[PDB]
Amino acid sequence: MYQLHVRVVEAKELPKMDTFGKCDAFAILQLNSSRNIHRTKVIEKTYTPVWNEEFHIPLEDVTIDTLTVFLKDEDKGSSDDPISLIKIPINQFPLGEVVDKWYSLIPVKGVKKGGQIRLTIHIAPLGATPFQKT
């Protein structure tokens, strides 16, 4: 059994998602199509949010699982404003290695640019120290 440790560090180059504001960005992580969703806090009115939030996701398959990362703009009614997403196959992360990288997000219809998001990702055996080389 293995754990997917993900630090959602920061994002930049976000689009303007509010006509008279900037962007109220938060990220959502989803392994495969799981109902167990994880989300960051919102950083209000910035194009360069820094969250530095950590999540720990049990893996079903260290090669076939996929991590989907969604970026959204929190809005003032009952719904939020999708920005972009990226689909990250997990097989590219060597087992036990901590990988810190930027990812170009794919914007949704009607959004000019998707931004970039920095993620630190570590596939580690259950019980090993998260975000430390195994």
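Numbers for residues come from their place in the sequence shown, where the first is 1. In this text, rigid core is short for the largest set of C-alphas that superpose within 1.5 Å between two forms.
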TODO: Please pick 68 to 76 or 93 to 101, whichever has its Cα atoms farther from the shown form in 6 other deposited structures of this protein after a rigid core fit.
DONE: 68 to 76
Task: Stretch farther from the shown model on average in 6 other deposited structures of this protein, with CA RMS computed after core superposition (34 to 42, 48 to 56) - done: 34 to 42
TODO: Would you mind comparing 65 to 73 and 92 to 100 for me and telling me which has the higher average C-alpha temperature factor in the entry?
DONE: 92 to 100
Open item on the list: Quick check: 118 to 126 versus 8 to 16, which has the larger average CA B-factor in the record?
Closed with: 118 to 126
Task: Top residue by Cα temperature factor, when 52, 84, 34, 79 are compared in the entry - done: 34
Open item on the list: Out of 56, 109, 41, 45, whose C-alpha atom has the biggest B factor in the entry?
Closed with: 109
